[PDB]
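Take a look at the letters that make up each chain.
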Amino acid sequence: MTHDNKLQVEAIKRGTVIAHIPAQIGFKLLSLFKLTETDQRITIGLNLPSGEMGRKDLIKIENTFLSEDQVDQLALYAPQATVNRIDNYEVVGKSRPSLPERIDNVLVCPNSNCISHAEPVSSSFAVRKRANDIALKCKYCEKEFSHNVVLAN
Amino acid sequence: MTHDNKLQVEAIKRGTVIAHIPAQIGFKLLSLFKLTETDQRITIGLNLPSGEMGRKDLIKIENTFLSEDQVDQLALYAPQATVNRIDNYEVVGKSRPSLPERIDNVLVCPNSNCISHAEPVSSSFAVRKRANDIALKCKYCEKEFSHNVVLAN
Amino acid sequence: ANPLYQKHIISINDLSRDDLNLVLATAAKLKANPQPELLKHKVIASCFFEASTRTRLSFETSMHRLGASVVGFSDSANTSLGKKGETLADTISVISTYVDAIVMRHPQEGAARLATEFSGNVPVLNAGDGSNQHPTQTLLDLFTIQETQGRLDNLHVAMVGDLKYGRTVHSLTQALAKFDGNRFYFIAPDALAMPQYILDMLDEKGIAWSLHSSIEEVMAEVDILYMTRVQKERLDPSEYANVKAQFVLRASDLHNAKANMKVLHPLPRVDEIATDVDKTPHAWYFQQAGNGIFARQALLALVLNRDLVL
Amino acid sequence: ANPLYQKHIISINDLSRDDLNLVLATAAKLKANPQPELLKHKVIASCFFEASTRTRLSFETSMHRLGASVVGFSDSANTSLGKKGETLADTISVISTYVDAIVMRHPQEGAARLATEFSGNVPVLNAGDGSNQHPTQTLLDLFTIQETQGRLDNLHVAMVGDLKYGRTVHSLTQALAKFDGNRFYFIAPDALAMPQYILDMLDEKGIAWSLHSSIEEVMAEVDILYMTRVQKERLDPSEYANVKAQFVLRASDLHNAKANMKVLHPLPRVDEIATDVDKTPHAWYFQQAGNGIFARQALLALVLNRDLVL
Amino acid sequence: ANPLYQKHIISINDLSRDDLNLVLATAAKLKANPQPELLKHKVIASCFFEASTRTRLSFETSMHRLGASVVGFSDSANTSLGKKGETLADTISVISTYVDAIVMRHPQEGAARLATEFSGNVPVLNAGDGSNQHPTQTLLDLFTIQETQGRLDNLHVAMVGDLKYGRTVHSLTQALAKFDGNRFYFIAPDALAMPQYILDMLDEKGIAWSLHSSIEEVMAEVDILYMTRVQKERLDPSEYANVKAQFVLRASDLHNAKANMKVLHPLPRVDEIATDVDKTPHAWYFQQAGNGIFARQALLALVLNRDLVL
Amino acid sequence: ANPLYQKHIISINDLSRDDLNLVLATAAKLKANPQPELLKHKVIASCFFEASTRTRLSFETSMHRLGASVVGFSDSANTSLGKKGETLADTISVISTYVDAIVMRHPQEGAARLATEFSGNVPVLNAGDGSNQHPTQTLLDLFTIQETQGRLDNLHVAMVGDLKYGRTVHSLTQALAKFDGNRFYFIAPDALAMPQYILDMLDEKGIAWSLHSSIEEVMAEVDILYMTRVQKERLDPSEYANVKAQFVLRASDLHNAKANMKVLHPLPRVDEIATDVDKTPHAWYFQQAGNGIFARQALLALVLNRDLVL
Ligand SMILES: [Zn+2]
Ligand SMILES: [Zn+2]
């Protein structure tokens, strides 16, 4: 939690905490998933001294807890990152990100001739884990690509 | 410049603390100028209690020093923000966002027939201040527009 | 015989408040109890000289709802005869023999009126003449407005967009300034003001119409927000951009509006009406959009049918 | 209510073997005893955003066979609205009000799926989305295959031509690998192999599919020779010529085939299927071609109708 | 090194006062003693992405009168690429490796501005760029007002027609304002109004202007009558009509205009200046055309050369 | 009489080794001391039956740099005749009675080959001819590999993109194979594979090559990186996608390529070489363009002349 060192450092109140977030994907989550848009005090810690685990990003989401659904959503951008529920200045629940079935509206069907590109619809793909390498099936065009492909978009 | 001594604010030895930003601008900044696009120790405190501005956005960044320039760009959004350049736990001195005469690569010419649109070229805006608004000329289609219309949503 | 029997439906001006009210009363009855074989055996040609797909699928969907057979054409791809060389006169003359009625749409103005001359004694109904008229829209317009506030009077109708050119704000204005106490506020660009002659006839009645720079200048005091589309052509793109969001209506703007306030717009919208608006209860366009099937039915019913014992 | 009542008919994958079998059982009953007023009063719009004349004359011929009224459009000549500017969303939204159902065809993939979202609760049936789906063909495909060997299992289906791109060999494969013991031989150019993912799901069932260089490499051991068209574009003309006759099927080649072996092909053929083949008893295309009127009827019958007391 | 040496003529504002005289000083010289070999071996690209035959001919004829070879084309839709991959940035970069001067025209504002940052060390002359600029035409117009009248400061310049979208007026008015004493009479329809910017600047520089109802009130007062084509396209057939009759110049009206009074027009005249006008010496729009051959000659001649006994 | 004198440059195979050097030797000379009067009085027909602005401009600019006049045109559908009677055989026979060199381009393979047997004693340069040849481009490419590297034998030439239908690759590979030591790395999608012919010959001549998964494995090994545009058109939107990401060259990848390493591309680049590439000295596709002005200059210059102090 607290990247303490030798001075006064601030913590939160009752919120979800995500650490050991592969450095550089915190902002992405922040942007992408859009948890940034709130009147609740957030605190972030990009590029942190994880010494052995190099660096990490970190999102101390105050007064807010994430549904184990959302938690899962992390997986491709911050899989090993932990989301600990901290109530009353303490980890009531250490939570780890599992892989879901469907990925809602943060992804982009690389299919140019799709319809999802031009319209008022929210991206949805089916995650079919294969030999621990992912394939993502667009719910519209019915084309299936890999995770690496749709992650460049 | 706010000392919540229950969850005291951490002090970085030197770098750049961008304190006093109205809410929802801080992150808007993280992208707009690309401040996360560094492997440095950055600190994002968002929606902070300051009686003088309700929620304040705050951006500490280790050992980085913005020139008189990046400061000056902030103008368009975070105008009350103060860049307090730090060094050795104390401030070398404060800095305020002077309104510039140009704004490159970050805006988009409102003009739907502005070539800038389909081409490999940064938006460049000549910026003259006037009466009840800032007006900015495209470097390309050449049309004047208000800041109110160019930097909208 | 019912007032509008065998009549021609050409221009809104040409229907009186008593009239509108019949078709308005009728369409409504129709809405509840259908008469799927009312115009059975009858045949109507659709003559969309300037194709408007939905408007065609609407007259046609009304046509088929009373079991009426349909022949016709649309957007003369390129050189279909009855265009160059062949005068629309001679072309109304011929169809007037095969068909029991005629609904048409056309590029030049008055076309329908002319049609009426060689129409013989076969009913014609203008469904789009030039920048002149488009009554059928107006009907499904107020059939919709009436359906939301059971009255065509005491109304504060907001008419945003390109008032100037739009051919439906003028008539709807006309129509509405035939019922009482209609307060019309006009949200429009300097470059796209109302077309005065509408105004003068408005003052001649002595009707209220406060001009407006922003929608939030009426937002509270409104019922039927009628929003039309402004078009690129009739305004330099930089100027288009200049305004752009000056008259686009967002749902956030709807935090102000009345309970029963409903936003209407002939369709299609695109830059003007946002989707958050689609979901909020004031969104009614697709509803005015399906309502016209009944305003349409009615007109067709009253015209081909003698006595409307509905 | 009958399983497919009010359902959406979009992708073959989305129908299970029990399903196919109902519509298959139904169309068949239909074939014998018509119900020319089954969908009377009902109205269906045809929305061929990418005109396929025969496919339209087929849905439409089915539409009129149960006495159903029809409104619609096809190949938007050039700039018909609901194209640029107007989103197909808003355009499904509006028709969903006038019509009782919707059959459409479209250039981009998934279009139908999307349609389903704004369709409201009005049935939509994809009749051609992108290089994705075209279920209705598949149905009249197996309604035809079943009609020739009273079973969708124990079959050795030969699928020649451009397997790779053709959007009907993949589904028919899919469909067929839902019934048992289906041996699929694949006659195709190196440059136009099967699209693997079809293969993998095939092996996942553990189905048989011996790849083939020549048709005479299966010619004897076959029932449903399904032949598709290869296209110029996707292969240099010299290469087109290079192969040309490598996969064209002549009638002489049919001196080998089984009694009950029937050659099918969605149509049209041209260079692939010779006319001597037309005359020989294995020619059945125009038969699968008129059969789809019944596979089509059925789907329409089960979807708009509650209980199929045929 | 003359000033205009190696400089891209992109827009009127980047040309000072001194600048324009050195352009006007030249052409007056080349109209007297022309230098047919002064640009030999020079190849010039004439790249008309937007089609403009009349400007193209003047531009290429101008090159030819000085010795250059010319290569070029008209319309991207009449080019090899465009939307099919090639970008502007890349075409210019390439072309910028053959020729010594790119003169281009464009459907978009800024292409010129941008090409100048891709062309490498090749100067780029703007034949056109959307609603934006058009240097040569204006450089010319001035040179024609200078010749006819003998001066560029202290004039009674009246502009007429579509002041609003008028790309050439906004260019001439800014250049004239670089000089002193001028007064500008503005006589255009209320809708096709001179935009506010020009105005606002007109008064930053404290320059005399004033709006007018017709040319009746000013006919004498004026020296130069820059005419401009109005547009039914800009208006509406019926709109166009009611005002068009307010802005046609008959020979009769020149009636009592000063001996020095001249009439200008960027051409194509088409309703405005009626034919009886041409016989009056006040007519000078053709005389104005023949001048761009010197207008443009001067530019090209200055851009690529350094010294001149001109 | 130099060798290439009066010879029609129809295709790469009829050019020996000596042949290409005498072409490469020339241009290197004309890039140093250019002869602006060396082809005066010469009129050349530039006959672009297929539209190719970029090749047209280079070709005509090349003529102009040597003194010839030029006359020509673009597209038969933009000519007087074609399908309406006139034959190729006859147009050439006629035209072959004005000009001294026909340079043509064509939608069909062989037009060049054929024109050479109609043109009479007029030499005929092939700007293009269907899937077939394209001499000048290649003659050029070599001259650009010779200049950048200093040699044409013993290279680490890697080709990338659409090797299959790639008209320019098949031409460059054959010419390089006329020289010794070269090795060819092939990195293209399994479908857009280098055709077998080239291969088969590649090994008749016992030349070193090998197929590769990406440019990762070879980035250093190579000296010259001839890039080529892949094609969604060749693939299928979804197909295109899965592999396109396998063949884009970022500046990052040049990462650790030899100091001499160069990047080539016939242009229009459009996805492959991303823009960050251009700032690296390894970028040389524009430098390559400016060279065809010498490539082609040499040809024309050799074809019509006999002696040269070149
Ligand atoms: Zn998709
Ligand atoms: Zn711009």
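Residues numbered from 1 in each chain as written, not as in the entry; some residues may be left out. Chains lettered and ligands numbered in written order. Part of a larger assembly, values for the part shown. Heavy atoms only, no water.

Per the deposited record, X-ray crystallography is how this structure was determined, to a resolution of 2.7 Å.

Some words on the relation of the copies chain B and chain A
Put simply, the test is: All copies share one frame, set by a least-squares fit on their C-alpha atoms. Contacts are residue-level and defined by heavy atoms, with any inter-residue pair within 4.5 Å sufficient.
Superposition of chain B onto chain A requires a rotation of 179 degrees combined with a translation of 0.2 Å along the rotation axis, giving an RMSD of 1.3 Å. What the superposition gives is, in effect, a two-fold axis relating one chain to the other. The position closest to the rotation axis in chain B is occupied by the C-alpha of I44(B), lying 1.9 Å away. A share of 85% of interface residues in chain B that are also interface residues in chain A marks the association as one of identical surfaces.

So, the interface of chain B and chain A
Where we set the bar: Values labelled buried area give the accessible surface lost by two parts on being combined, using a 1.4 Å probe and summing over both. Within this document, salt bridges are pairs made up of a side-chain nitrogen of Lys or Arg and a carboxyl oxygen of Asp or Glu, the two lying within 4 Å of each other. Pairing of N or O atoms within 3.5 Å defines a polar contact, subject to two protein rules: one partner must be a possible hydrogen donor and the other a possible acceptor, and residues neighboring in sequence count only if both atoms are side-chain atoms. Only runs of H or I of at least four residues qualify as helices and only runs of E of at least two qualify as strands under DSSP, and these elements are numbered from the N terminus.
With 26 residues of chain B at the interface, the matching set in chain A holds 25 residues. A buried area of about 2100 Å², summed over both sides, lies between chain B and chain A, and 58% of it is on carbon and sulfur atoms. Linking chain B with chain A are 0 salt bridges, by the criterion used here. At the boundary of chain B and chain A, one finds 12 residue pairs in polar contact. Counting residues per element, the ones that place at least two in the side of chain B that touches chain A are α1 (26–34) and β2 (42–50) of chain B.

Examining the coordination of the zinc ion (ligand 2)
All names here are of chain B. This is how the line gets drawn: Each metal's donors comprise the N, O and S atoms found within 2.8 Å of it (within 3.2 Å for Na, K or Ca). Water is not part of the atom list, so some coordination spheres may appear incomplete. Between buried and exposed lies partly exposed: a residue is buried under 20% and exposed over 50% of the maximum accessible area for its type, with that area taken using a 1.4 Å probe on protein chains only.
Protein-derived ligands of the zinc ion (ligand 2) are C109 (SG), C114 (SG), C138 (SG) and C141 (SG), with the metal-ligand distances lying across 2.2 to 2.3 Å. Within one chain, the residues donating to the zinc ion (ligand 2) are spaced in sequence as C-x4-C-x23-C-x2-C. Residue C114 is located in the loop between β6 (102–104) and β7 (124–130), and its partner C141 is located in the loop between β8 (133–138) and β9 (144–146); the two are separated by 27 residues in the primary sequence. The exposure class of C114 is buried, given its relative accessible area of 1%.

So, helix α5 (residues 135–149) of chain F
Residues and elements named next belong to chain F. What counts, and what does not: Multiplying one less than the number of residues by 1.5 Å gives the expected span of a helix.
With 15 residues, α5 ought to run about 21 Å at 1.5 Å a step, and its terminal C-alpha atoms sit 21 Å apart, in line with that. With 12 of its 15 residues buried, α5 lies for the most part within the structure. Downstream of α5 by a residue or two, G150 has a phi angle that is positive, lying close to 95 degrees.

Points about the coordination of the zinc ion (ligand 1)
The zinc ion (ligand 1) binds to the protein through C109(A) (SG), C114(A) (SG), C138(A) (SG) and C141(A) (SG), with metal-donor distances spanning 2.2 to 2.4 Å. A residue is classified by how much of its surface remains accessible, and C109(A), at 3% relative accessible area, is buried.

Regarding the UniProt feature "binding site: Zn(2+)" in chain A
Operational definition: UniProt positions are given in the numbering used here, feature names are shortened, and annotations may be inferred rather than shown by experiment.
The positions UniProt marks with the feature "binding site: Zn(2+)" are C109(A), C114(A), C138(A) and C141(A). In sequence the annotated residues extend across 33 residues, while in space they remain close, none of their C-alpha pairs exceeding 9.2 Å. For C138(A), the location among the structural elements is in strand β9 (residues 134–138). Given the relative accessible area of 2%, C138(A) is considered buried. Discounting chain neighbours no more than four positions away, the residues touching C138(A) are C109(A), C114(A), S124(A), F125(A) and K143(A). In contact with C141(A), other than residues within four places in its own chain, are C109(A), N111(A), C114(A), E109(D), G110(D) and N132(D).

Observations regarding the sheet that holds strand β7 (residues 211–212) of chain D
To summarise the sheet geometry, strands pair through backbone hydrogen bonds and adopt either a parallel or an antiparallel arrangement. The test is simple: In this analysis, strands are considered paired if DSSP registers two or more bridges between them.
Spatially, β7-β6-β5-β8-β9 (chain D) is the arrangement adopted by the 5 strands of the open sheet, whose pairing is parallel. Of all the strands in the sheet, the pair left with one neighbour each is β7 and β9 (262–264) of chain D.

Topic: the packing of aromatic side chains
Residues and elements named next belong to chain C. For the record, the criterion: Pairing of aromatic rings covers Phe, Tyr and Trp, the last counted by its six-membered ring, and requires centre-to-centre distances within 6.5 Å; plane angles under 30 degrees mean stacked, over 60 mean edge-to-face, and any other angle means tilted. In this analysis the charged atom, NZ for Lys or CZ for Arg, is taken to sit over a ring once it is within 6 Å of the ring centre and within 35 degrees of the ring normal.
Applying the stated criterion to the full structure yields 17 aromatic pairs over all chains. Put simply, the rings of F184, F186 and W209 pair up and form one aromatic cluster. It is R296 that lies over the ring of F59; its NZ or CZ is 4.4 Å from the centre.

Some details on the side chain of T228(C)
Of note, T228(C) is situated in the loop between β8 (224–227) and α8 (237–243). The contact partners of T228(C), leaving out residues within four places of it in the chain, are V160(C), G161(C), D162(C), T168(C), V169(C) and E272(C).

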